[PDB]
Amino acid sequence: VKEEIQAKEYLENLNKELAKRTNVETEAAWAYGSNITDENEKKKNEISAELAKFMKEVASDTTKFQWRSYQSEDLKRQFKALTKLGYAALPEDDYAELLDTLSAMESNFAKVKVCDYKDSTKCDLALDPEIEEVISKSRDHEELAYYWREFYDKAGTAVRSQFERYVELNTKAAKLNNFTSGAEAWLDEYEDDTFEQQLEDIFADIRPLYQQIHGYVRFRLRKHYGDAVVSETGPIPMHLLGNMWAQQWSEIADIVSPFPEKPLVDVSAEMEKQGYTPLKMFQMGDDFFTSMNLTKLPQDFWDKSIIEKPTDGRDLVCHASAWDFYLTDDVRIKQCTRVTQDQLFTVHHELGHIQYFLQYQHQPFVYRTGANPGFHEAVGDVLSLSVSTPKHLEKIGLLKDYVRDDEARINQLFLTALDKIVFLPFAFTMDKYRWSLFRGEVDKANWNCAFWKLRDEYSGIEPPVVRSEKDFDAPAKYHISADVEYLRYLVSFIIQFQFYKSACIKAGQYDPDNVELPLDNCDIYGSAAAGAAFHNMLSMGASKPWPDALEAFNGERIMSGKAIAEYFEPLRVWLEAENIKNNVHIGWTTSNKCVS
């Protein structure tokens, strides 16, 4: 009770100390991600080991405080965050091995190089950008399969043994914190003992819509490739979906769009024609934020960021990332930026993270993070939703001669759906798979097909060629080799529509009883009211539980699929009718593609 006065001073000092200590770990991590070398790996891992040691002392020292006895919700909440040790709870030697494993994987992934399909001499092709360019633009189904195979063999199957040890150590670490496994560890970040159920329920409401999109896309792909490549009743061969992991299908919109003779938005060629640069694209992102009365990017951002792929022979992690350094105004992005419409969305996504950093940088160290991981992921996407509208793309002069009729509107809704709906069953399987390994629910002899079973069951997709337990495929996705929780993205795609809906209403850009203000053509650019709400929420960091953060934004406390259903309602109506009209088969048979 009266001990709380001394405890407050303890927290003030320790918070500031953790910030300064993390800053050093973060610089070392940045160094590695920007320049992968044996020497920089050593540094990175050794620094983190040192910080883990300090963390162990900190968790120990908290037991000197009767902190659960305290009056202040705020002090109790801060102390609680400090007891949460993570991997740091592992014994010295164990933590060292974990770190060496994580970087062995993350590095292997970033170092992947395949040979040219047309030329077995030219073997310096990397995922970003050589391979991803083919996956997104080639319509030679056999070339597509070739690249799919080479990549998965190298980014997935090579790190099997490493991944095995990683699950062991994650599990051990989780138990040392008295969680059942890493699943329950990850899920703790959401402060809600029913969070899993809530998601199952939401997915359940959304699933039928996904089913229809799946059916229609399969139908259209059959006309393009033939029935020899695409069956009517089988899962879709994933390598035809424009994307290496088939998480989003917007890259093949030119062949599966509802009205092929009406405008389909693809501003990449205009960006190039108008001489866009990575630097331009970021400056535009900056403009969007400042136009909403949010915070200008600081000078440290422009000085220290990496916004193009470096042209020395160096290895590096090209997967887009945003870094907070826990001082004042030292925030950065690393992105291997290309001049395309999707990349413009990515830029806004990453600047969403940066804005979050800046908004809560005045918070105590333990509150300098998302309300929950999903929130951090949503921020950028809320703006990207606006940026993607014809309304906005016409404004910045990238969309020309556009006629917004009923048919064009459907093409746009479908395009967004190939991004926003398609993704959801992907996001789920990502952690569903890992959760099941963490919880020890799959025998090691079953690990790979247990992956593809989930991809089948939820997404209705399957590998181009036959896989087995001789292959190991999950780490072919970045966030799996790099040990990054994925449920964040699912939470994001649900709640980003709650944010966007309410942002649009506050901007006077959405009225449901008004045909001239439709949610799917809302641009919040320049809205002070919208930015205001963002500020109220983002400036909180993790100071209160996420319910209180959402309440701050728009007065609501519940994660809901209502808003994302509201957005796509007009597409549902059209697509249900269209599938009936064309006698489109819905659903899929079990996949013959992973042998046990």
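Note that residue numbering begins at 1 and tracks the sequence as displayed.
When the two stretches 220 to 228 and 484 to 492 are set side by side, the higher mean Cα temperature factor goes to 220 to 228. Relative to one another, 460 to 468 and 395 to 403 have unequal mean CA B-factors, and 395 to 403 is the one with the higher figure. Remark: of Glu196, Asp188, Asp419, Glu272, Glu272 shows the highest value [criterion: C-alpha B-factor in the PDB entry]. The entry lists C-alpha B-factors for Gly526, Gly182, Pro475, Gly234, and the highest of these is at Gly526.
Per-chain ranking of the deposited C-alpha B factor places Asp431 in the lowest third. Residue-level temperature factors show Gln283 in the highest third of its chain, judged at the C-alpha atom. In this PDB entry, the Cα temperature factor of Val167 sits in the bottom third of its chain's modelled residues, the lowest group.
Among the modelled residues of its chain, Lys562 has a C-alpha B-factor that falls in the lowest third according to the deposited record. Ranked by Cα temperature factor within the chain, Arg68 sits in the middle third according to the deposited record.
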